[PDB]
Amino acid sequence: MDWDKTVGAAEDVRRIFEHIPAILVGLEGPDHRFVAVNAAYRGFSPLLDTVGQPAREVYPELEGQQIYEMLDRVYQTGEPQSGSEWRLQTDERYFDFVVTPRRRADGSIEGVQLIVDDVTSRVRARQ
């Protein structure tokens, strides 16, 4: 595959990614280091300067919630996970997400990436 012709030029693709109207995040390695985050992501979690750092290292408080257990499973097994209405902590929100593995040409897993959707309105609509 010629990436420039079939996906797009790297700079252009990044500019589109940045602006996609959905929370997008890419992670690399066993320690889930941030490699790509967009504006909808950075607005969802404004406490940041994330690229290059392990997810645990920038969000130390999220150990108990085990978002990290689920990320490790995806990275170790290659099995994608979807979740609905996973709750979080303010500075009470609910999230749908799909996490998939990223494989190299050799079939090994280099990382995971996610799409996240904020569905708090649907849940808080529990009157």
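Residue indices: 1-based, along the sequence shown.
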{"query": "Length class of the unmodelled deposited segment, which would lie between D91 and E92", "finding": "4 to 9"}
{"query": "Position of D49 among the chain's modelled residues by C-alpha B-factor, lowest, middle or highest third", "finding": "highest"}
{"query": "CA B-factor ranking of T100, expressed as a third of its chain", "finding": "middle"}
{"query": "Where the record places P60 (Cα B-factor, split into thirds across the chain)", "finding": "highest"}
{"query": "Record-listed C-alpha B factor of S84: chain third", "finding": "middle"}
{"query": "Third of the chain's Cα B-factor distribution that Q66 belongs to, per the entry", "finding": "highest"}
